[PDB]
Q: 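One structure coming up, written as structure tokens, with questions to follow.
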Number of protein chains: 2
Amino acid sequence: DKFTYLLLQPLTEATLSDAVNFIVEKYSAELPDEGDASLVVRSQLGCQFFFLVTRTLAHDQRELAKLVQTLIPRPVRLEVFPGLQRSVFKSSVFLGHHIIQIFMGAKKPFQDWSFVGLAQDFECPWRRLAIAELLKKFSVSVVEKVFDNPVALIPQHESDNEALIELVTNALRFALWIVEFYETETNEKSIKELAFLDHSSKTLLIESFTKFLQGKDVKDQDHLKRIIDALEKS
Amino acid sequence: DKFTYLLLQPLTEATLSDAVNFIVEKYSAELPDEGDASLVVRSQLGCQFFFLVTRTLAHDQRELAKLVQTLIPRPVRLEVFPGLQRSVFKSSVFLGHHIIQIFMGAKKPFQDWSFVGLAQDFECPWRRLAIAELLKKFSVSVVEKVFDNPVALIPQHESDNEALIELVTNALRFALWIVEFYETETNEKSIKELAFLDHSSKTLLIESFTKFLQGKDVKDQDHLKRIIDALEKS
């Protein structure tokens, strides 16, 4: 009741904080117990945190997404963002937000990939693996039933909830493709993994990246050009 | 030198133990340090453990795969198998071994899915997520360069190393499909995600599962029949 009420409110820093605090209280109750049942509860609670992250990405409130990590006490943070996932959460949020907003039609401006550290993170294979792990968690958190009661991704968007989830999960799948086919974008096997993409989403990506690359650092322009080329060849 | 020598020896309980002990020593050196650099080292070391797991699966030594978890001290185990991954490692090893061996042509017998606890694990969405996370780790560990020096997946199999890795990663991708499309196997969108599969591997799966289901518990037979149906419709 109380929890469902929080989750249905308009997305604000206050409502996000109260929701996170509630999930943390449930998580904290499990920490002293190390049997399997507790691990299963904590897995589900983890997905509830990532549902809140993905919902803020989809509602174009990227600052609130980043904030979720801050609002979680460190002992819990160590389990919800294991290992290198803690370090690359900022980049994963940035990339997930960027691609979800392109899919939703947003006409920019997005921040520079080199400036925000995403370009550098891409250069490390272990950071690429951790970013992919987080993008996957964002996606599963809005597909699985993470709460025992249904909760629309975007507050007040009920009849169109399935449509929005479809769009957002397709966006996150493309964000995952960017990471997993870094510097192999136009290989035949890579292009085959774009078969899932609607033609209209593909065109929105092409148009967005064609504007984005203008004036950027040369290495970023080359990267974006490979992605555009792959989209046109698919 | 010493490490490369270990990794090139025939796979035995002794050689596996010595290899794990070496990686643990490197990991233990990182534990007191919590800056980003240490997290990156530990991510790579984690993938080295999973390379050893996948190599034992591919060499039909499933008992040695399970053993890797045992040979890792608990403080390290908490980071390498985070959260629920510790609980479902047994099932992930079982399923990964089963599917890799079908792809390699093995003519059985495999253990009963209900008897070994895999069927029960499938029933829980959070356990399904954790199994998928581990199957993905098995796959990336043999594709990425986890050691600074090249090391063939199967000792003495050098010229055919690329071929074996291709086969094993395709097998693990199909194991992942089984988990991620549990009880939605013959849906149109699910069948589209079988496009990656060679026709001959598809036939080997059909023949193997058709023998496997005989005499099994009815729920296991139904599950296997849905998988077979999906393969035939792809």
Side-chain angles (χ1 to χ4, degrees), chain A residues 2-3 6-7 13-56 64-93 126-127 129-131 133-134 136-138 140-141 144 146-147, chain B residues 24 27-43 45-46 49 69 72-89 126-127 129-130 133-134 137:
Chain A
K2 198 90 160 198
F3 193 33
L6 299 164
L7 296 169
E13 179 179 355
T15 66
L16 180 71
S17 295
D18 292 331
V20 172
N21 285 345
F22 188 93
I23 305 164
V24 168
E25 182 171 281
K26 300 296 182 180
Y27 206 112
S28 293
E30 299 297 334
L31 287 178
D33 173 14
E34 297 172 5
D36 270 18
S38 178
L39 292 176
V40 174
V41 177
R42 283 181 269 173
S43 170
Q44 177 177 7
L45 296 179
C47 293
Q48 292 179 5
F49 290 128
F50 287 111
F51 170 92
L52 296 176
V53 174
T54 302
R55 129 185 292 196
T56 63
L64 296 185
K66 312 201 197 67
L67 191 63
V68 169
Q69 190 178 40
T70 307
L71 300 163
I72 296 168
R74 188 185 165 88
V76 178
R77 216 155 56 213
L78 289 180
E79 304 194 0
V80 177
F81 309 89
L84 194 54
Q85 290 180 25
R86 172 221 316 177
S87 300
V88 296
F89 179 70
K90 169 194 179 68
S91 281
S92 304
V93 161
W126 318 113
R127 288 180 172 95
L129 290 181
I131 291 166
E133 290 167 356
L134 283 172
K136 176 68 161 189
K137 286 178 173 180
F138 298 167
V140 303
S141 78
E144 300 299 318
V146 308
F147 308 108
Chain B
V24 168
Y27 206 112
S28 293
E30 299 297 334
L31 287 178
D33 173 14
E34 297 172 5
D36 270 18
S38 178
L39 292 176
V40 174
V41 177
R42 283 181 269 173
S43 170
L45 296 179
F49 290 128
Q69 190 178 40
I72 296 168
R74 188 185 165 88
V76 178
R77 216 155 56 213
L78 289 180
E79 304 194 0
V80 177
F81 309 89
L84 194 54
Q85 290 180 25
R86 172 221 316 177
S87 300
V88 296
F89 179 70
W126 318 113
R127 288 180 172 95
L129 290 181
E133 290 167 356
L134 283 172
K137 286 178 173 180

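We use all heavy atoms of the structure for the numbers below, so side chains are in, but hydrogens, waters and symmetry mates are not. Note on naming: letters A, B, ... go to the chains in the order of the sequence lines (proteins, then strands), and numbering restarts at 1 for each one.
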Q: Could you work out, with ring-ring contact (aromatic ring centres under 6.0 Å, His included) as the rule, every residue matching A:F51, not counting sequence neighbours?
A: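 With sequence neighbours excluded, A:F51 shows a ring-ring contact (aromatic ring centres under 6.0 Å, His included) to A:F147, given in chain and number order.
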Q: Restricting to non-hydrogen atoms, name the atom on A:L16 and the atom on A:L52 that form the minimum distance, rounded to 0.1 Å.
A: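 Minimum heavy-atom contact is CD1-CB, 3.9 Å.
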Q: Do you see a donor-acceptor pair shorter than 3.5 Å between the side chains of A:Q48 and A:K26?
A: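 Looking only at side-chain atoms, A:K26 and A:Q48 do not form any donor-acceptor pair under 3.5 Å.
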Q: With rounding to the nearest 0.5 Å, note down the distance linking CZ in A:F22 to CZ in A:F3.
A: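 Nearest 0.5 Å value for the CZ-CZ distance: 6.0 Å.
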Q: Can you tell me if A:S38 uses its side chain to pair, donor with acceptor, with the backbone of A:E34 under 3.5 Å?
A: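 Absent.
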Q: The criterion is side-chain contact (heavy atoms from CB on, under 4.5 Å); which residues satisfy it with B:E79, sequence neighbours excluded?
A: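 Once residues adjacent in sequence are excluded, the partners of B:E79 under the side-chain contact (heavy atoms from CB on, under 4.5 Å) criterion are B:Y27, B:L31, B:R42.
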Q: Classify the ring geometry between A:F138 and A:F50 as parallel (under 30°), tilted (30 to 60°) or perpendicular (over 60°).
A: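 Answer is tilted, since the angle falls between 30° and 60°.
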Q: Rounded to the nearest 0.5 Å, what separates atom CG in A:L71 from atom CG in A:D18?
A: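 Answer rounded to 0.5 Å: 10.0 Å.
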Q: Can you name the closest pair of heavy atoms from A:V68 and A:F49 and give their distance?
A: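 Residues A:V68 and A:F49, closest heavy atoms: CG1-O, 4.3 Å.
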Q: Identify the heavy atoms of A:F89 and A:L134 that sit nearest to each other, and give their distance.
A: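 Heavy atoms only, the tightest pair is CA-CD1, 3.8 Å.
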Q: Indicate yes or no for a side-chain donor-acceptor contact from A:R55 to the backbone of A:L7 under 3.5 Å, with no hydrogens or angles considered.
A: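 Pair found, side chain donor or acceptor close to backbone of A:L7.
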Q: Looking at A:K66, I want to see if its NZ is surrounded by more than 12 non-hydrogen atoms of other residues, nucleotides or ligands under 6.0 Å.
A: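 Buried by this count: over 12 neighbours within 6.0 Å.
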Q: Distance from B:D36 atom CG to A:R127 atom CZ, nearest 0.5 Å?
A: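 Between B:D36 CG and A:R127 CZ, I get 6.0 Å after rounding to 0.5 Å.
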Q: Would the distance check show the side chain of A:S43 and the main-chain N or O of A:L39 forming a donor-acceptor pair, the cut-off being under 3.5 Å?
A: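 Here the side-chain-to-backbone pair does not exist.
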Q: Tell me the closest heavy-atom pair linking A:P82 and B:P82, and the distance in Å.
A: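 Scanning both residues, the minimum pair turns out to be CB-CB, 3.9 Å.
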Q: Run the side chain to side chain contact (heavy atoms under 4.5 Å, CB included) test on A:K137 and B:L129 for me, step by step, so that the C-alpha distance in whole Å, both residues' side-chain angles and the decisive distance to 0.1 Å come before the verdict.
A: CA-CA 9 Å; A:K137 286 178 173 180; B:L129 290 181; over 6 Å; no
Q: Keeping A:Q69 on the side-chain end and A:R77 on the backbone end, is there a donor-acceptor pair under 3.5 Å?
A: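 Flag not set: sc A:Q69 to bb A:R77 has no pair under 3.5 Å.
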Q: Short question: side chain of A:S17, backbone of A:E13 - any donor-acceptor pair under 3.5 Å?
A: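 Here the side-chain-to-backbone pair exists.
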